[PDB]
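My numbering puts the sequence shown at residues 17 to 252.
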Amino acid sequence: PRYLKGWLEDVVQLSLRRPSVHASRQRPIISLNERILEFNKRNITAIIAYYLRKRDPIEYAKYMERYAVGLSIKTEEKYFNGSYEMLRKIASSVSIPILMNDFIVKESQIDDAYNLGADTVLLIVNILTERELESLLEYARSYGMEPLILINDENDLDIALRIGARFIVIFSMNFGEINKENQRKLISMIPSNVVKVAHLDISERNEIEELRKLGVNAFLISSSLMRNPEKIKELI
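So, in C-alpha coordinates, the structure goes:
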(Lines of atoms letter the chains of each structure in order from A; the text may use other names.)
(Lines give C-alpha, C1' and ligand atoms only; values in the text may rest on other atoms or scores of the structure.)
Protein backbone atom coordinates (compact mmCIF):
# COMPACT_ATOMS: atom_id res chain seq x y z
CA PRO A 17 0.00 0.00 0.00
CA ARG A 18 0.87 3.71 -0.16
CA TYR A 19 2.07 5.82 2.75
CA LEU A 20 -0.76 6.09 5.21
CA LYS A 21 -1.22 7.54 8.68
CA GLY A 22 -3.70 7.35 11.51
CA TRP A 23 -6.79 5.12 11.64
CA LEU A 24 -6.48 4.37 7.90
CA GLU A 25 -2.92 3.10 8.35
CA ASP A 26 -4.12 1.03 11.32
CA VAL A 27 -6.98 -0.56 9.37
CA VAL A 28 -4.74 -1.37 6.38
CA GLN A 29 -2.13 -2.96 8.67
CA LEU A 30 -4.87 -5.07 10.24
CA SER A 31 -6.28 -5.94 6.81
CA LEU A 32 -2.88 -7.18 5.65
CA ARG A 33 -3.05 -9.58 8.62
CA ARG A 34 -6.62 -10.79 7.94
CA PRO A 35 -6.59 -14.60 8.13
CA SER A 36 -7.88 -16.31 5.00
CA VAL A 37 -11.04 -18.36 5.06
CA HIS A 38 -11.21 -21.96 3.71
CA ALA A 39 -14.93 -21.69 2.75
CA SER A 40 -16.38 -23.06 -0.45
CA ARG A 41 -18.64 -20.76 -2.42
CA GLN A 42 -22.43 -21.46 -2.01
CA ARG A 43 -23.77 -19.54 -5.05
CA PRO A 44 -22.63 -18.50 -8.57
CA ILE A 45 -21.27 -15.00 -9.32
CA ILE A 46 -24.34 -12.76 -9.59
CA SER A 47 -22.70 -9.84 -11.40
CA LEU A 48 -23.34 -6.38 -9.98
CA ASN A 49 -22.12 -4.35 -12.96
CA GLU A 50 -24.15 -6.48 -15.39
CA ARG A 51 -27.33 -6.14 -13.30
CA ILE A 52 -26.87 -2.38 -13.25
CA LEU A 53 -26.80 -2.36 -17.01
CA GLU A 54 -29.95 -4.52 -17.03
CA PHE A 55 -31.73 -2.10 -14.70
CA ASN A 56 -30.68 0.74 -17.03
CA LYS A 57 -32.21 -1.06 -20.03
CA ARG A 58 -35.43 -1.67 -17.94
CA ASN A 59 -35.49 2.02 -16.86
CA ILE A 60 -35.43 1.03 -13.19
CA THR A 61 -33.30 3.30 -10.94
CA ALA A 62 -30.38 1.19 -9.69
CA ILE A 63 -29.73 1.66 -5.99
CA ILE A 64 -26.89 -0.15 -4.17
CA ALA A 65 -28.14 -0.48 -0.62
CA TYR A 66 -25.73 -1.00 2.28
CA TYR A 67 -25.34 -2.82 5.57
CA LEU A 68 -22.91 -1.52 8.21
CA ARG A 69 -23.30 -2.59 11.85
CA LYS A 70 -22.91 0.53 13.97
CA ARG A 71 -32.11 -4.34 12.21
CA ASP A 72 -31.92 -8.12 11.80
CA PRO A 73 -29.49 -8.35 8.93
CA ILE A 74 -31.25 -11.16 7.05
CA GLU A 75 -34.63 -9.59 7.21
CA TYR A 76 -33.06 -6.37 6.00
CA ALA A 77 -31.24 -8.10 3.12
CA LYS A 78 -34.44 -9.86 2.09
CA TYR A 79 -36.29 -6.51 2.05
CA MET A 80 -33.56 -4.98 -0.06
CA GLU A 81 -33.62 -7.96 -2.42
CA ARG A 82 -37.07 -6.71 -3.48
CA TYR A 83 -35.84 -3.22 -4.50
CA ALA A 84 -32.08 -2.72 -4.64
CA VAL A 85 -29.79 -3.51 -7.55
CA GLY A 86 -27.18 -4.84 -5.08
CA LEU A 87 -26.14 -4.82 -1.45
CA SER A 88 -22.85 -3.52 -0.01
CA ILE A 89 -21.77 -5.27 3.18
CA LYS A 90 -19.06 -3.72 5.37
CA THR A 91 -16.77 -6.56 6.50
CA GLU A 92 -13.92 -4.65 8.22
CA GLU A 93 -13.88 -5.89 11.81
CA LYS A 94 -12.16 -3.52 14.25
CA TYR A 95 -13.56 -0.17 13.24
CA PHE A 96 -16.68 -0.96 11.26
CA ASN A 97 -17.96 -3.92 13.27
CA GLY A 98 -18.21 -6.29 10.34
CA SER A 99 -17.37 -9.91 9.79
CA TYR A 100 -16.95 -12.53 7.20
CA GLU A 101 -19.68 -14.58 8.91
CA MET A 102 -22.19 -11.77 8.42
CA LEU A 103 -21.30 -11.59 4.71
CA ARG A 104 -21.63 -15.31 4.27
CA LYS A 105 -25.01 -15.50 6.05
CA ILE A 106 -26.42 -12.60 4.02
CA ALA A 107 -25.05 -13.88 0.74
CA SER A 108 -26.56 -17.34 1.36
CA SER A 109 -29.94 -15.70 2.07
CA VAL A 110 -30.48 -13.60 -1.06
CA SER A 111 -29.91 -13.78 -4.84
CA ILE A 112 -29.01 -10.17 -5.53
CA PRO A 113 -25.42 -9.06 -6.12
CA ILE A 114 -23.27 -8.55 -3.04
CA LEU A 115 -20.39 -6.08 -2.80
CA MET A 116 -17.77 -6.81 -0.13
CA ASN A 117 -16.97 -3.35 1.23
CA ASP A 118 -13.63 -3.48 3.04
CA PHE A 119 -10.01 -2.32 2.72
CA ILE A 120 -8.78 -4.79 0.09
CA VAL A 121 -5.01 -4.76 0.01
CA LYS A 122 -3.98 -8.40 -0.60
CA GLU A 123 -5.03 -11.21 -2.90
CA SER A 124 -6.25 -13.47 -0.09
CA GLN A 125 -9.01 -10.98 0.73
CA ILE A 126 -10.33 -11.46 -2.83
CA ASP A 127 -10.09 -15.21 -2.28
CA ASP A 128 -12.14 -14.64 0.91
CA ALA A 129 -14.76 -12.59 -0.96
CA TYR A 130 -15.15 -15.29 -3.59
CA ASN A 131 -15.26 -18.15 -1.08
CA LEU A 132 -17.84 -16.37 1.12
CA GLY A 133 -20.26 -15.58 -1.71
CA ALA A 134 -19.56 -11.93 -2.56
CA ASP A 135 -20.02 -11.02 -6.22
CA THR A 136 -17.46 -8.19 -6.24
CA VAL A 137 -15.13 -6.19 -4.01
CA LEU A 138 -14.38 -2.53 -3.47
CA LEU A 139 -10.85 -1.39 -4.43
CA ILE A 140 -9.68 2.04 -3.20
CA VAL A 141 -7.28 3.80 -5.53
CA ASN A 142 -5.71 6.13 -2.98
CA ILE A 143 -4.47 3.41 -0.60
CA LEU A 144 -2.76 1.32 -3.32
CA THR A 145 0.03 1.97 -5.81
CA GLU A 146 -1.03 1.90 -9.43
CA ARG A 147 0.79 -1.39 -9.89
CA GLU A 148 -0.89 -2.88 -6.83
CA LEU A 149 -4.30 -1.79 -8.07
CA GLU A 150 -3.69 -3.22 -11.54
CA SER A 151 -2.63 -6.56 -10.01
CA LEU A 152 -5.69 -6.74 -7.71
CA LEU A 153 -7.98 -5.74 -10.62
CA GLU A 154 -6.61 -8.64 -12.66
CA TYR A 155 -6.91 -10.99 -9.69
CA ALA A 156 -10.58 -10.09 -9.11
CA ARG A 157 -11.31 -10.52 -12.79
CA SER A 158 -9.77 -14.03 -12.66
CA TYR A 159 -12.72 -14.98 -10.45
CA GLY A 160 -15.24 -13.35 -12.78
CA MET A 161 -15.56 -10.26 -10.54
CA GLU A 162 -15.37 -6.74 -11.96
CA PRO A 163 -14.30 -4.79 -8.87
CA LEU A 164 -15.87 -1.45 -7.96
CA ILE A 165 -12.99 1.03 -8.01
CA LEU A 166 -13.30 4.09 -5.76
CA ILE A 167 -11.93 7.42 -6.92
CA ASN A 168 -11.53 10.59 -4.85
CA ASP A 169 -10.01 13.04 -7.28
CA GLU A 170 -8.56 13.38 -10.77
CA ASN A 171 -5.25 11.73 -9.86
CA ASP A 172 -7.19 8.63 -8.74
CA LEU A 173 -9.26 8.79 -11.96
CA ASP A 174 -6.19 8.92 -14.14
CA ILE A 175 -4.88 5.76 -12.48
CA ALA A 176 -8.21 3.95 -12.76
CA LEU A 177 -8.51 4.68 -16.49
CA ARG A 178 -4.88 3.86 -17.22
CA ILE A 179 -5.33 0.41 -15.71
CA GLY A 180 -8.59 -0.15 -17.59
CA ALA A 181 -11.17 -0.08 -14.82
CA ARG A 182 -14.71 -0.74 -16.09
CA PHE A 183 -16.65 -0.13 -12.87
CA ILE A 184 -16.03 3.07 -10.88
CA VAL A 185 -17.65 4.73 -7.86
CA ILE A 186 -17.39 8.51 -7.35
CA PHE A 187 -18.21 10.33 -4.12
CA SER A 188 -19.13 13.93 -3.37
CA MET A 189 -16.69 14.55 -0.58
CA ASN A 190 -12.92 14.32 -0.52
CA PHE A 191 -11.73 11.43 1.60
CA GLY A 192 -13.59 16.13 4.51
CA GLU A 193 -14.94 18.64 1.97
CA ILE A 194 -18.25 17.98 0.13
CA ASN A 195 -18.28 19.21 -3.45
CA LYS A 196 -21.13 18.26 -5.76
CA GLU A 197 -19.64 20.18 -8.67
CA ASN A 198 -16.45 18.19 -8.35
CA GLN A 199 -18.39 14.93 -8.28
CA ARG A 200 -20.06 15.95 -11.55
CA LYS A 201 -16.68 16.86 -13.00
CA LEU A 202 -15.22 13.45 -12.22
CA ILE A 203 -18.33 11.71 -13.56
CA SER A 204 -17.98 13.61 -16.83
CA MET A 205 -14.35 12.47 -17.21
CA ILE A 206 -15.20 8.76 -17.25
CA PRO A 207 -15.95 7.17 -20.66
CA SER A 208 -19.28 5.74 -21.51
CA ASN A 209 -18.08 2.11 -21.59
CA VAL A 210 -17.45 2.32 -17.83
CA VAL A 211 -20.29 1.52 -15.41
CA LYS A 212 -20.42 4.55 -13.16
CA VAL A 213 -21.76 4.65 -9.59
CA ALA A 214 -22.37 7.94 -7.78
CA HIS A 215 -22.50 8.10 -4.03
CA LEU A 216 -25.78 9.80 -3.21
CA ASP A 217 -27.42 11.03 -0.04
CA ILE A 218 -31.19 10.33 0.22
CA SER A 219 -31.67 14.11 0.39
CA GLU A 220 -30.20 14.28 -3.14
CA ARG A 221 -32.87 12.12 -4.77
CA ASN A 222 -34.12 14.98 -6.95
CA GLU A 223 -30.74 14.82 -8.69
CA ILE A 224 -31.06 11.22 -9.93
CA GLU A 225 -32.64 12.24 -13.25
CA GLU A 226 -29.91 14.63 -14.17
CA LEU A 227 -27.15 12.33 -12.90
CA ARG A 228 -28.52 9.58 -15.16
CA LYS A 229 -28.42 11.98 -18.14
CA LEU A 230 -24.82 12.79 -17.23
CA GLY A 231 -23.93 9.11 -17.41
CA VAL A 232 -24.35 7.77 -13.89
CA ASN A 233 -25.58 4.17 -14.04
CA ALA A 234 -26.27 3.45 -10.36
CA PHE A 235 -26.29 5.14 -6.94
CA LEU A 236 -24.52 3.99 -3.78
CA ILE A 237 -26.26 4.88 -0.50
CA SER A 238 -24.52 4.89 2.87
CA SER A 239 -26.96 6.55 5.30
CA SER A 240 -30.63 6.47 6.28
CA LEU A 241 -31.72 3.04 4.96
CA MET A 242 -30.92 0.85 7.89
CA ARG A 243 -32.98 3.11 10.21
CA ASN A 244 -35.80 3.35 7.61
CA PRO A 245 -35.51 0.70 4.92
CA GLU A 246 -38.69 1.78 3.15
CA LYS A 247 -36.96 4.96 2.10
CA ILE A 248 -35.45 2.96 -0.77
CA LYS A 249 -38.88 2.94 -2.41
CA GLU A 250 -38.93 6.63 -2.82
CA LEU A 251 -35.44 6.66 -4.42
CA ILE A 252 -36.83 4.33 -7.02
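Beta carbons: idealized from backbone N, C-alpha and C, even for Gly.
I need the straight-line Cα distance from residue i to residue j, nearest angstrom please.
{"i": "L139", "j": "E81", "result": "24 angstroms"}
{"i": "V27", "j": "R243", "result": "26 angstroms"}
{"i": "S219", "j": "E225", "result": "14 angstroms"}
{"i": "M116", "j": "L149", "result": "16 angstroms"}
{"i": "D172", "j": "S204", "result": "14 angstroms"}
{"i": "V185", "j": "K196", "result": "14 angstroms"}
{"i": "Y100", "j": "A84", "result": "22 angstroms"}
{"i": "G133", "j": "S111", "result": "10 angstroms"}
{"i": "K57", "j": "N233", "result": "10 angstroms"}
{"i": "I248", "j": "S239", "result": "11 angstroms"}
{"i": "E246", "j": "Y76", "result": "10 angstroms"}
{"i": "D128", "j": "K229", "result": "37 angstroms"}
Less than 8 angstroms between the beta carbons of residue i and residue j, yes or no?
{"i": "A181", "j": "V210", "result": "yes"}
{"i": "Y67", "j": "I45", "result": "no"}
{"i": "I252", "j": "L202", "result": "no"}
{"i": "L144", "j": "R51", "result": "no"}
{"i": "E123", "j": "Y79", "result": "no"}
{"i": "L87", "j": "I126", "result": "no"}
{"i": "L30", "j": "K94", "result": "yes"}
Sorted by chain position, which residues of the same chain lie with C-beta nearer than 8 angstroms to residue i's C-beta, five sequence neighbours on each side aside?
{"i": "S208", "result": "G231"}
{"i": "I74", "result": "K105, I106 and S109"}
Give every residue of the same chain whose Cβ lies closer than 6 angstroms to the Cβ of residue i, excluding the five residues on either side of it in the sequence, and list them in chain order.
{"i": "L227", "result": "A214"}
{"i": "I165", "result": "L139, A176, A181 and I184"}
{"i": "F235", "result": "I63, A214 and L216"}
{"i": "residue 334", "result": "The requested residue 334 is not part of the displayed model; the chain covers only 17 to 252."}
{"i": "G98", "result": "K90, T91 and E92"}
So if DSSP puts residue i in a beta bridge, which residue, or which two residues, is it bridged to?
{"i": "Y66", "result": "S88"}
{"i": "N117", "result": "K90"}
{"i": "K212", "result": "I184"}
Open item on the list: Any contact between the stretch 51–67 and the stretch 31–39? By contact I mean 3 or more CB pairs, one from each, below 8 angstroms.
Closed with: no
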